[PDB]
Amino acid sequence: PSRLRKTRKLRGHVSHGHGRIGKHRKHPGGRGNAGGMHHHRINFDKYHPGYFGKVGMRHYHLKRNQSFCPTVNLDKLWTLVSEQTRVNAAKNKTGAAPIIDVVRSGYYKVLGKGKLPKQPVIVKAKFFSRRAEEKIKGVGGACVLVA
Amino acid sequence: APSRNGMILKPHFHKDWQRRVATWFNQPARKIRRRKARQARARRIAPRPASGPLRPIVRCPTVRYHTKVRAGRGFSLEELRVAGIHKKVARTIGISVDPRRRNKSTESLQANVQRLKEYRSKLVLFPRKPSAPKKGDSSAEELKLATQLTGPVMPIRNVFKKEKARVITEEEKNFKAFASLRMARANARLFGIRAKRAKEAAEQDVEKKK
RNA sequence: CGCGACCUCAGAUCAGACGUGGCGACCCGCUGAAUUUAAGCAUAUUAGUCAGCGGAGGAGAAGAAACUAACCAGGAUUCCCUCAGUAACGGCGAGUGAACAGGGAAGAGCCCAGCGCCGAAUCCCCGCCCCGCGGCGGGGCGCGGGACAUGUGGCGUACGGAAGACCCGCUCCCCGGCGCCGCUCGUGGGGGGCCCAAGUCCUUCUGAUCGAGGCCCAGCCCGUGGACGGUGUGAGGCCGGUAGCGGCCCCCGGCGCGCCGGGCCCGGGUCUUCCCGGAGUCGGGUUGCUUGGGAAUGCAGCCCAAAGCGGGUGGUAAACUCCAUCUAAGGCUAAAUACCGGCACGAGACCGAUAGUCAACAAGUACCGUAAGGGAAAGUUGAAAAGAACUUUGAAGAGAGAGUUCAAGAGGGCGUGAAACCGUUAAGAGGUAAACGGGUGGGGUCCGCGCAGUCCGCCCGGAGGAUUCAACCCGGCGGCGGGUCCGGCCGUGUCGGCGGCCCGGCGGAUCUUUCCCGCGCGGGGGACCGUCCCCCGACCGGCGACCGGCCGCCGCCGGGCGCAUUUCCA
RNA sequence: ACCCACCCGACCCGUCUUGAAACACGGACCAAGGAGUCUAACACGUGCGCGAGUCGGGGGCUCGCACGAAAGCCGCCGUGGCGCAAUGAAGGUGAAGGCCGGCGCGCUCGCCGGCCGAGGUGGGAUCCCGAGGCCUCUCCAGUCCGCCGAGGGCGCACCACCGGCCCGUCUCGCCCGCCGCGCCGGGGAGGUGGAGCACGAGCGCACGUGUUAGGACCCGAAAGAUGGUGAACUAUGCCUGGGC
RNA sequence: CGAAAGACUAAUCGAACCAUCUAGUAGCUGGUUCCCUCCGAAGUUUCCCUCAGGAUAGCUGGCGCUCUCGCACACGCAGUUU
RNA sequence: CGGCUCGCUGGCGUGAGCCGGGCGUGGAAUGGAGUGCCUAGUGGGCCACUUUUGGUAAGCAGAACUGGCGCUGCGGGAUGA
RNA sequence: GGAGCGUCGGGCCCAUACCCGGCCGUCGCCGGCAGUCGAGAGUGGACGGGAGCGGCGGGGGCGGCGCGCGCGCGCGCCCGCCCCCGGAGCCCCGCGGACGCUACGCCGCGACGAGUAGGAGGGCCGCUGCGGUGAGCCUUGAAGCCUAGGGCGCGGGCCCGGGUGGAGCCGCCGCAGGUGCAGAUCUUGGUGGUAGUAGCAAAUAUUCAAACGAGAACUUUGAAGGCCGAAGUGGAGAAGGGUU
RNA sequence: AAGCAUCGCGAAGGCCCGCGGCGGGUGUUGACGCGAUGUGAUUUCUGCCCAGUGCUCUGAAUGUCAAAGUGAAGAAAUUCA
RNA sequence: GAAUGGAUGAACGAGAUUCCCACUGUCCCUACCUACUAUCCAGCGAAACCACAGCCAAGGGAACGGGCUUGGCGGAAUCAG
RNA sequence: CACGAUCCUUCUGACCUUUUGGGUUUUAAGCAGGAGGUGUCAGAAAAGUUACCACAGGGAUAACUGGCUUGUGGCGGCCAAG
RNA sequence: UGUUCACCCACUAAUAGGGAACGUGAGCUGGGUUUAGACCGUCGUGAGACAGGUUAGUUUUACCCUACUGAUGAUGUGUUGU
Ligand SMILES: [Mg+2]
Ligand SMILES: [Mg+2]
Ligand SMILES: [Mg+2]
Ligand SMILES: [Mg+2]
Ligand SMILES: [Mg+2]
Ligand SMILES: [Mg+2]
Ligand SMILES: [Mg+2]
Ligand SMILES: [Mg+2]
Ligand SMILES: [Mg+2]
Ligand SMILES: [Mg+2]
Ligand SMILES: [Mg+2]
Ligand SMILES: [Mg+2]
Ligand SMILES: [Mg+2]
Ligand SMILES: [Mg+2]
Ligand SMILES: [Mg+2]
Ligand SMILES: [Mg+2]
Ligand SMILES: [Mg+2]
Ligand SMILES: [Mg+2]
Ligand SMILES: [Mg+2]
Ligand SMILES: [Mg+2]
Ligand SMILES: [Mg+2]
Ligand SMILES: [Mg+2]
Ligand SMILES: [Mg+2]
Ligand SMILES: [Mg+2]
Ligand SMILES: [Mg+2]
Ligand SMILES: [Mg+2]
Ligand SMILES: [Mg+2]
Ligand SMILES: [Mg+2]
Ligand SMILES: [Mg+2]
Ligand SMILES: [Mg+2]
Ligand SMILES: [Mg+2]
Ligand SMILES: [Mg+2]
Ligand SMILES: [Mg+2]
Ligand SMILES: [Mg+2]
Ligand SMILES: [Mg+2]
Ligand SMILES: [Mg+2]
Ligand SMILES: [Mg+2]
Ligand SMILES: [Mg+2]
Ligand SMILES: [Mg+2]
Ligand SMILES: [Mg+2]
Ligand SMILES: [Mg+2]
Ligand SMILES: [Mg+2]
Ligand SMILES: [Mg+2]
Ligand SMILES: [Mg+2]
Ligand SMILES: [Mg+2]
Ligand SMILES: [Mg+2]
Ligand SMILES: [Mg+2]
Ligand SMILES: [Mg+2]
Ligand SMILES: [Mg+2]
Ligand SMILES: [Mg+2]
Ligand SMILES: [Mg+2]
Ligand SMILES: [Mg+2]
Ligand SMILES: [Mg+2]
Ligand SMILES: [Mg+2]
Ligand SMILES: [Mg+2]
Ligand SMILES: [Mg+2]
Ligand SMILES: [Mg+2]
Ligand SMILES: [Mg+2]
Ligand SMILES: [Mg+2]
Ligand SMILES: [Mg+2]
Ligand SMILES: [Mg+2]
Ligand SMILES: [Mg+2]
Ligand SMILES: [Mg+2]
Ligand SMILES: [Mg+2]
Ligand SMILES: [Mg+2]
Ligand SMILES: [Mg+2]
Ligand SMILES: [Mg+2]
Ligand SMILES: [Mg+2]
Ligand SMILES: [Mg+2]
Ligand SMILES: [Mg+2]
Ligand SMILES: [Mg+2]
Ligand SMILES: [Mg+2]
Ligand SMILES: [Mg+2]
Ligand SMILES: [Mg+2]
């Protein structure tokens, strides 16, 4: 909507709201990110600190599919499974405990955040954080790797 | 100029983009056209599956997709051989054949075989003339269907086996996953070095004798 | 010094063929700037982009791995989404910048050289006969010519192949013709042709109506047709059209059957014995370009220049060492994809004659420039030319009359006819240029009055006329509202039926393969849980979610009520 | 509102400018045209949908599209994006703590049972309790309704502060683990780096404003490049004629 | 091309003309289209091949939010003073 | 006031940190405060009192302080930032 | 004998400042009103016994918390009542509630109102087109144009009347934009003042008659006077023109 | 401009064109010639300066001096000579 | 200041000077005459320029005004200059 | 007061990481700490000339007039030793 | 002498000094400055430079307004004349 835009209210006023001493000239800074070193410095170095410089190690033909370890916290491990598994258990009386396959539901690494509920389990995962194992064991559960 | 806080950003409008902008006012037409041609391919290949040819189960590559399963390009030669199909005939009964597929694992091999076994079963091979010879299926399964299969033939469903609620043996409990990994990772790292130090030690023991 | 083979090479208006230029939107192959950015500028960038040259086709190019990967691995090219503004490059500045994997559209695969076997089993061309002949083809027959061993044809090509013995099973595929049958998706393929509903009905405006009012149910008729346009304004029904698995006629394709003429004796597994691959190419150096490709992604020139359990690749140079993975240096291939040029269609929240294409028109026109090249302006009388007969003045242009027209206050550059500017008429003014703000006054112009404007409206009092009722009951109709929730429908929360649960379905990483079916898995049952429905009773929010009576009140109609009531009128 | 009169007031606008009636520039007059756009990308604000999700593309299924090149639908519904995790150059690692009881010497260290479960301080809108009144036409009794409420509480959001947790790094230490006893693996306490955690707030669409990249508000060079056309003038050479 | 003057090269010459790259670039001139209402500046900071320009703070506006009590029952804050 | 914590400091003690209770207007005058986003123009200036440097001075140049003009009309100063 | 200078009076003059009043707008009010009592508000109301002229016998405070329009009262007759707005009649009414209430409405108090650059708000300001919608308007006259006619609006602008014209156009709610011009030595077209002006002055030259003819300074014929003066103002060609 | 004075060249040359060729101009030429400069008829003169900057000559006697080739070590890339 | 030529030098020169003779309106010191113009008329008939305009003194003012202040003052329509 | 960013180089530091299908070694790349410098010192790599000149702008700025000022120049006083 | 300035001759009453955009270029001239040709000297490696000398080198428009000069007229006085 042109209808609602500023240019409709500027009509009549001369400079078109760009001031009249300094004007709406073409490119007075320099085009684009020019001057990050000289003359636009300050901006780049209180709002993009670290822009300039090299840092770290090259890696020539990166392929992202090698570093694909999506994670899940314990906090919500029981979200992977249908509520009635977590119900039938805290019941049953067998001390059966279910399995939660994490590599099924889309993660490869059970990280350690969250309180995990007093309810035995097994947890299949490609990886585990130390604390995530210790929380499962503390519950009364088996960390089970799977390649 | 920049002005107080916000992504430095490099946008790629430096070459003559306007000369080469591609507009999608086609698209609807093109959805229509393709579809027509699609419908006409079906009506051409009257009872053959519109989908096209039967394609095999295949795992995707790379630790990422790994767990998912797709359709393949075509069934490999081991898989035909075992299912008992001549490779030049497979093309003629609606069976996709690529030949470049190695077959490493015995599991996939038998899966695909089980497809082809399944397929040949539920296939309604018409005869050459209306005058029936061997192979070509009965007038029963012909009248009751000269019927297509809409949708990919024997669709490739990526499936799970449910692991029942166990007990967790004390021996199962005991495991120390976090460590075992860290060790394992290390033992890979170091495998080469150690065996150089061992090779040096065995040389020192032999050198002691002479 | 002859004649003959071949070889290399000439000449022919020798016989028959073919290439030549154009167009160039899209495609392929070279060639390749500089403006620009970097706030200067040189590398970088602009850009492998404009301009230049070459060559194409309905597409092109690409393409059946010397591929990706490193996984439990995928499997030609193209295209879209994503990857990713990422890895990477960069005066690591400005800026640049992919790829595999994943999901999709489409999907199609193959043939040589070689190595070998087959009496060259092959090919082109001439001449006679039969067929066929507007995309020169089929069959036959010629001691008719040539090409071919410096290698044609079948078999076969890396997914392995060839040849042998015996296991098995059995024998349809192609083309040149000649017919004949079903007209074969926009719901009868393509092209062409010609046809198909219903008012000029009644009044009435109008110059003319397609208008306005009406027409057995918004009126008549049709409507699978009320898109559009034309017709003297605004039209479903005047005309063309429009609609329709509507009609007929042609012509052309494409597929079904029959006959003839040819071709064509065309498998698979199992064991044995053989066979196996493209050289000044790879690879290395190098220089220059090029790339995101970084101790060299690609492409080049030059020098060097291979191998065969080799060769390439494995995104950091080098040696050793395992793995993986392809098979390079020959070739063909539809399909999704492209398309500001062409032929032909449709459409638009676009433009509406200074716009929109330079171009609505005799426009790439006139004109300009030696030439390359540049390059306009310019739409509109009226329904109908009915375009002004005739008289008159004038040498005529011009007028004056007359006439046509609804109108010429539409008169051939003529619809509307603005402003700037001018001529005239009327009014007013005028020595400090004019114009202007504020404040009055004078005059003009029209507008509103009043031939009293005393402006209305209630209620009231009085004097005159006026018909019928209010009030009251009686009959009918309708409405509201109400509780006794009275009786019944209606639905919220709860409890009871475990009753729908199988006569209630879906879902579930809840179970069971005691089940069934199909091949440990798929489908269907069978349990379980969650969720949605029947039966009655009870309590409660008795909820605008409604009926029936009954009550109360209101209104309407019709009866009566005749005049201290009742309205009207002055 | 048309003209005229007079009193008072009154310089010509546009613009740059410290300063314009200027002896600053533009402007004789009138008509029509004429300048902040569109795409991309971010940012913040705002509106809506959904919410630890969200999402639509791209594709597909539904029709000859009158309106449709729409609309609807999809185990594609989620390949995938963005979000739900951070930090480190990287190898990699990756957000909890408390209490209680017991066992190891409670050794502010190591191992086993039970309970609570995102810590605390100050301030904090709000909620809750409420002594007490304040009357009622009488003397007391006395349930109901308020009004206020002295005082005390639980305290959102946000802020200040303290502890606490994860990644990097340092310092100093002492223990534990096993198929591989190793230049192996795992811990502790104390500082310090982090775009962290500390009961989630995002995603999709739309509007606005800003900032860039693009012709980029409109108009403006002197140049620079590519490819062509010209010696009819003129500059010189040559050929063939004329003239003095 | 020049018996030389930077002369001449089709009214053009210290680098002809035509078309394209091209809407070249411009810290510089010029313009930049209706009304009311409300708030309402700066010409100083530091850095800049910066000095007719940018950056950065300052000043402006807009949007809000958290709280406050004239609802007999207030805490903080100031171009002051004591 | 009372008590706890400390690995710091220390003849004992310091010092800091924690809990738990007890005490209300603490000079005048004025005023509702706090807080976070996005943010335009601007970044040529000039004038005056007083202070003040350069200069013989200047409608000169350059500083301080406040206030003006610039953005601002109005009465006065005949006229005038 | 100030209309001068210095020092001093009374009086009077008028700014857009000050004071009072009106009016428009803005801001502020935890502002008011979805229908109720009530003006330093400092209560209202069951309900039970015991009673009645009793009451709550508290400050020169000068008073707010308590008193003189009633508490019990007049009627029915020491006992009963102290009654209902579908009717108390009303200054307050808790039974039902605007003439008012487009709650984006309406109402009331205050304070305030310079503005470039710049920002923000509201426009029932305006232009063109699309979805909706006015049983909208229009040949018994649309658009446009003109107007010493009548009005509205602070304004942007708008409504009416008359004329002209001759076919289409508008209000409202939404959507969209190639949306508003005095300027740009702006683009195109048109028009003035200049102005009946500058000008129609290089190379000696014209005159008389006649004809034709509507018309003769200029045409043609005759006469006279003149010039070019054979390196020509004579006759012929080249190039160039292209029918002259 | 005549005159004067230098410089280069004997042709697989000097000078110069050309994108390129067993290309082209000078050249149908050959030192009394082609090409490159300076001065400027005649008369009369034309001094000194080889330090500078140019141009040129000579070259295993000889400092530096690339790519290649040769050797060196190394597993090689390599480094050294 | 010596072929970056030095010194000369007849003849030549729309070349740069100086002086003399003659000569003259160059001048004292201006006048007269001729032709074409201008002028006036008939006919025809442009352009540049132009915010508005158009009398001065002083004042102040972006420090030299037609406009402003305060004074002077102001009389149609025009012609040749 | 005595001194200097990114990028590159160089050295120094750990039984450090990475050198990409795995392993060993060289090489290289990282991480961290010093050094080589930018004096225009918040840090381009940089000579002239134009009278043959060109463009954008500038009265933010020179060459006249005019203002202010009057040192300087010019004129004139006062004092009075001579 | 291009000059302003200066100097000198001669006469004279005296041969005073100044202003008006340093009066006065649509009044002239253009001799000088101040383009382009060229010469010299000095400087410069050079292109070139020189308030160092030399020579050659387009001086546009009035018809507007005003001002000025002259020239018709204008209002009044009844009309006209003296
Ligand atoms: Mg403004
Ligand atoms: Mg401006
Ligand atoms: Mg602005
Ligand atoms: Mg600015
Ligand atoms: Mg498919
Ligand atoms: Mg640049
Ligand atoms: Mg620039
Ligand atoms: Mg440049
Ligand atoms: Mg490039
Ligand atoms: Mg091209
Ligand atoms: Mg061709
Ligand atoms: Mg092809
Ligand atoms: Mg190939
Ligand atoms: Mg992304
Ligand atoms: Mg590039
Ligand atoms: Mg062969
Ligand atoms: Mg019909
Ligand atoms: Mg019609
Ligand atoms: Mg019609
Ligand atoms: Mg490059
Ligand atoms: Mg490597
Ligand atoms: Mg090909
Ligand atoms: Mg046109
Ligand atoms: Mg036109
Ligand atoms: Mg046009
Ligand atoms: Mg028009
Ligand atoms: Mg017509
Ligand atoms: Mg017209
Ligand atoms: Mg008419
Ligand atoms: Mg007409
Ligand atoms: Mg007309
Ligand atoms: Mg008129
Ligand atoms: Mg008159
Ligand atoms: Mg100035
Ligand atoms: Mg002035
Ligand atoms: Mg200017
Ligand atoms: Mg002008
Ligand atoms: Mg306009
Ligand atoms: Mg948002
Ligand atoms: Mg921003
Ligand atoms: Mg532009
Ligand atoms: Mg922009
Ligand atoms: Mg331009
Ligand atoms: Mg350049
Ligand atoms: Mg600048
Ligand atoms: Mg405000
Ligand atoms: Mg204000
Ligand atoms: Mg400026
Ligand atoms: Mg500025
Ligand atoms: Mg200003
Ligand atoms: Mg205001
Ligand atoms: Mg018409
Ligand atoms: Mg438009
Ligand atoms: Mg205009
Ligand atoms: Mg005249
Ligand atoms: Mg003569
Ligand atoms: Mg002749
Ligand atoms: Mg002749
Ligand atoms: Mg010489
Ligand atoms: Mg020498
Ligand atoms: Mg000399
Ligand atoms: Mg000398
Ligand atoms: Mg003037
Ligand atoms: Mg390897
Ligand atoms: Mg010069
Ligand atoms: Mg010169
Ligand atoms: Mg020259
Ligand atoms: Mg100045
Ligand atoms: Mg001066
Ligand atoms: Mg002068
Ligand atoms: Mg003059
Ligand atoms: Mg002159
Ligand atoms: Mg001169
Ligand atoms: Mg000169």
# chains A, B, ... in the order shown; residues from 1 in each chain; ligands from 1
$ residues_around --residues "residue B:2" --least-positions-apart "3" --cutoff "8 Å" --atoms "only C-alpha atoms (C1' of nucleotides)" --output "number ranges by chain"
A: 32-33, 40, 43; B: 8; D: 211-212
$ residues_around --residues "residue J:52" --least-positions-apart "4" --cutoff "12 Å" --atoms "only C-alpha atoms (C1' of nucleotides)" --output "PyMOL selection string"
(chain E and resi 6+13-14) or (chain K and resi 35-36)
$ residues_near_ligand --ligand "ligand 19" --cutoff "12 Å" --atoms "only C-alpha atoms (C1' of nucleotides) and all ligand atoms" --output "list in words"
residues 210, 226, 227, 228, 229, 230, 231, 234, 235, 236, 237, 238, 239, 240, 241 and 242 of chain C
$ residues_near_ligand --ligand "ligand 72" --cutoff "8 Å" --atoms "only C-alpha atoms (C1' of nucleotides) and all ligand atoms" --output "list in words"
residues 25, 26, 59 and 60 of chain K
$ residues_around --residues "residue I:77" --least-positions-apart "2" --cutoff "12 Å" --atoms "only C-alpha atoms (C1' of nucleotides)" --output "VMD selection string"
(chain I and resid 75 79) or (chain K and resid 72 to 74)
$ write_last_selection --atoms "C-alpha atoms (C1' of nucleotides)" --output "PDB file, in the first residue's frame"
ATOM      1  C1'   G I  75      -0.258  64.794 -15.186  1.00  0.00           C
ATOM      2  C1'   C I  79       7.668  61.076 -32.474  1.00  0.00           C
TER       3        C I  79
ATOM      4  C1'   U K  72       3.819  66.538 -31.316  1.00  0.00           C
ATOM      5  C1'   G K  73       0.135  66.639 -27.622  1.00  0.00           C
ATOM      6  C1'   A K  74      -2.630  66.258 -22.859  1.00  0.00           C
TER       7        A K  74
END
$ residues_near_ligand --ligand "ligand 4" --cutoff "10 Å" --atoms "only C-alpha atoms (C1' of nucleotides) and all ligand atoms" --output "PyMOL selection string"
(chain A and resi 18-25+28-29) or (chain E and resi 53-54) or (chain F and resi 41-43)
$ write_last_selection --atoms "N, CA, C and O atoms (P, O5', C5', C4', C3', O3' and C1' of nucleotides)" --output "PDB file, in the first residue's frame"
ATOM      1  N   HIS A  18      14.463  14.740   3.542  1.00  0.00           N
ATOM      2  CA  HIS A  18      15.854  14.318   3.572  1.00  0.00           C
ATOM      3  C   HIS A  18      16.747  15.436   3.976  1.00  0.00           C
ATOM      4  O   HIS A  18      17.969  15.362   3.790  1.00  0.00           O
ATOM      5  N   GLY A  19      16.141  16.457   4.570  1.00  0.00           N
ATOM      6  CA  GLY A  19      16.854  17.656   4.948  1.00  0.00           C
ATOM      7  C   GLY A  19      17.199  18.480   3.737  1.00  0.00           C
ATOM      8  O   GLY A  19      17.072  17.996   2.599  1.00  0.00           O
ATOM      9  N   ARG A  20      17.644  19.713   3.961  1.00  0.00           N
ATOM     10  CA  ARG A  20      17.989  20.537   2.821  1.00  0.00           C
ATOM     11  C   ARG A  20      19.380  21.118   2.820  1.00  0.00           C
ATOM     12  O   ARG A  20      19.796  21.691   1.813  1.00  0.00           O
ATOM     13  N   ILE A  21      20.142  20.896   3.875  1.00  0.00           N
ATOM     14  CA  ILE A  21      21.494  21.375   3.857  1.00  0.00           C
ATOM     15  C   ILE A  21      22.209  20.265   3.140  1.00  0.00           C
ATOM     16  O   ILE A  21      22.491  20.378   1.950  1.00  0.00           O
ATOM     17  N   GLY A  22      22.460  19.172   3.850  1.00  0.00           N
ATOM     18  CA  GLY A  22      22.859  17.934   3.221  1.00  0.00           C
ATOM     19  C   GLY A  22      21.594  17.385   2.612  1.00  0.00           C
ATOM     20  O   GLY A  22      20.506  17.533   3.167  1.00  0.00           O
ATOM     21  N   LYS A  23      21.749  16.741   1.475  1.00  0.00           N
ATOM     22  CA  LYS A  23      20.644  16.459   0.594  1.00  0.00           C
ATOM     23  C   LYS A  23      20.517  14.953   0.454  1.00  0.00           C
ATOM     24  O   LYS A  23      21.206  14.238   1.190  1.00  0.00           O
ATOM     25  N   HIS A  24      19.641  14.435  -0.411  1.00  0.00           N
ATOM     26  CA  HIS A  24      19.711  13.000  -0.653  1.00  0.00           C
ATOM     27  C   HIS A  24      20.614  12.726  -1.820  1.00  0.00           C
ATOM     28  O   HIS A  24      20.170  12.357  -2.899  1.00  0.00           O
ATOM     29  N   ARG A  25      21.907  12.887  -1.590  1.00  0.00           N
ATOM     30  CA  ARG A  25      22.907  12.604  -2.617  1.00  0.00           C
ATOM     31  C   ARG A  25      23.067  11.084  -2.816  1.00  0.00           C
ATOM     32  O   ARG A  25      22.446  10.281  -2.114  1.00  0.00           O
ATOM     33  N   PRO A  28      27.258   8.917  -0.501  1.00  0.00           N
ATOM     34  CA  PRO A  28      28.240   9.711   0.186  1.00  0.00           C
ATOM     35  C   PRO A  28      29.142   8.946   1.147  1.00  0.00           C
ATOM     36  O   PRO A  28      30.226   9.436   1.451  1.00  0.00           O
ATOM     37  N   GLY A  29      28.723   7.806   1.682  1.00  0.00           N
ATOM     38  CA  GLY A  29      29.645   7.008   2.495  1.00  0.00           C
ATOM     39  C   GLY A  29      30.704   6.391   1.623  1.00  0.00           C
ATOM     40  O   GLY A  29      31.884   6.369   1.958  1.00  0.00           O
TER      41      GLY A  29
ATOM     42  P     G E  53      30.181  18.945   3.862  1.00  0.00           P
ATOM     43  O5'   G E  53      30.049  17.389   3.531  1.00  0.00           O
ATOM     44  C5'   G E  53      29.828  16.910   2.196  1.00  0.00           C
ATOM     45  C4'   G E  53      29.929  15.405   2.113  1.00  0.00           C
ATOM     46  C3'   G E  53      29.453  14.591   3.308  1.00  0.00           C
ATOM     47  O3'   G E  53      28.080  14.291   3.131  1.00  0.00           O
ATOM     48  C1'   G E  53      31.630  13.916   2.720  1.00  0.00           C
ATOM     49  P     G E  54      27.246  13.577   4.289  1.00  0.00           P
ATOM     50  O5'   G E  54      27.972  12.163   4.448  1.00  0.00           O
ATOM     51  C5'   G E  54      27.893  11.402   5.681  1.00  0.00           C
ATOM     52  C4'   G E  54      28.737  10.149   5.583  1.00  0.00           C
ATOM     53  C3'   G E  54      28.920   9.349   6.870  1.00  0.00           C
ATOM     54  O3'   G E  54      27.995   8.268   6.914  1.00  0.00           O
ATOM     55  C1'   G E  54      31.028   9.930   6.031  1.00  0.00           C
TER      56        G E  54
ATOM     57  P     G F  41      18.006  11.921   7.374  1.00  0.00           P
ATOM     58  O5'   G F  41      18.108  13.388   7.986  1.00  0.00           O
ATOM     59  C5'   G F  41      17.539  14.510   7.309  1.00  0.00           C
ATOM     60  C4'   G F  41      17.529  15.714   8.204  1.00  0.00           C
ATOM     61  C3'   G F  41      18.865  16.364   8.499  1.00  0.00           C
ATOM     62  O3'   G F  41      19.153  17.309   7.477  1.00  0.00           O
ATOM     63  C1'   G F  41      17.723  16.009  10.514  1.00  0.00           C
ATOM     64  P     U F  42      20.637  17.491   6.883  1.00  0.00           P
ATOM     65  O5'   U F  42      21.479  17.968   8.138  1.00  0.00           O
ATOM     66  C5'   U F  42      21.069  19.125   8.858  1.00  0.00           C
ATOM     67  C4'   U F  42      21.699  19.101  10.214  1.00  0.00           C
ATOM     68  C3'   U F  42      23.199  19.016  10.191  1.00  0.00           C
ATOM     69  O3'   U F  42      23.614  20.292   9.745  1.00  0.00           O
ATOM     70  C1'   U F  42      22.288  17.745  12.000  1.00  0.00           C
ATOM     71  P     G F  43      24.827  20.418   8.748  1.00  0.00           P
ATOM     72  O5'   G F  43      26.025  19.899   9.644  1.00  0.00           O
ATOM     73  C5'   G F  43      26.331  20.618  10.846  1.00  0.00           C
ATOM     74  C4'   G F  43      27.257  19.823  11.726  1.00  0.00           C
ATOM     75  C3'   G F  43      28.619  19.521  11.113  1.00  0.00           C
ATOM     76  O3'   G F  43      29.585  20.537  11.361  1.00  0.00           O
ATOM     77  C1'   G F  43      27.724  17.647  12.302  1.00  0.00           C
TER      78        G F  43
END
$ residues_around --residues "stretch 175-191 of chain C" --least-positions-apart "3" --cutoff "10 Å" --atoms "only C-alpha atoms (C1' of nucleotides)" --output "list in words"
residues 131, 132, 137, 138, 139, 245, 251, 252, 253, 254, 255, 256, 257, 258, 259, 260, 261, 262 and 263 of chain C; 63 and 64 of chain D
$ residues_near_ligand --ligand "ligand 60" --cutoff "12 Å" --atoms "only C-alpha atoms (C1' of nucleotides) and all ligand atoms" --output "ChimeraX atom specification"
/H:49-56
$ closest_atom_pairs --of "chain G" --to "chain A" --cutoff "12 Å" --atoms "only C-alpha atoms (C1' of nucleotides)" --output "CSV"
residue,atom,partner,partner_atom,distance
G:116,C1',A:20,CA,9.8
G:117,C1',A:19,CA,5.5
G:118,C1',A:17,CA,6.9
G:119,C1',A:17,CA,9.2
G:120,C1',A:6,CA,10.7
G:121,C1',A:9,CA,11.3
G:122,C1',A:9,CA,11.9
G:123,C1',A:9,CA,11.3
G:126,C1',A:8,CA,11.9
G:175,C1',A:1,CA,9.2
G:176,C1',A:1,CA,7.3
G:177,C1',A:2,CA,6.7
G:178,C1',A:2,CA,11.9
G:179,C1',A:8,CA,8.7
G:180,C1',A:11,CA,8.0
G:181,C1',A:12,CA,8.5
G:182,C1',A:12,CA,11.7
G:183,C1',A:14,CA,11.5
$ residues_near_ligand --ligand "ligand 42" --cutoff "10 Å" --atoms "only C-alpha atoms (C1' of nucleotides) and all ligand atoms" --output "ChimeraX atom specification"
/D:36-38,212-214,216-217
$ select_by_dssp --residues "stretch 30-107 of chain A" --states "strand (DSSP E or B)" --output "short mmCIF file (atom, residue, chain, number, x, y, z; two decimals) with C-alpha atoms, in the first residue's frame"
data_model
loop_
_atom_site.label_atom_id
_atom_site.label_comp_id
_atom_site.auth_asym_id
_atom_site.auth_seq_id
_atom_site.Cartn_x
_atom_site.Cartn_y
_atom_site.Cartn_z
CA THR A 71 20.59 -34.19 20.08
CA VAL A 72 17.82 -34.61 22.56
CA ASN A 73 17.83 -33.76 26.25
CA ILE A 99 12.97 -48.80 25.49
CA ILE A 100 13.20 -45.39 23.97
CA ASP A 101 15.02 -45.53 20.68
#
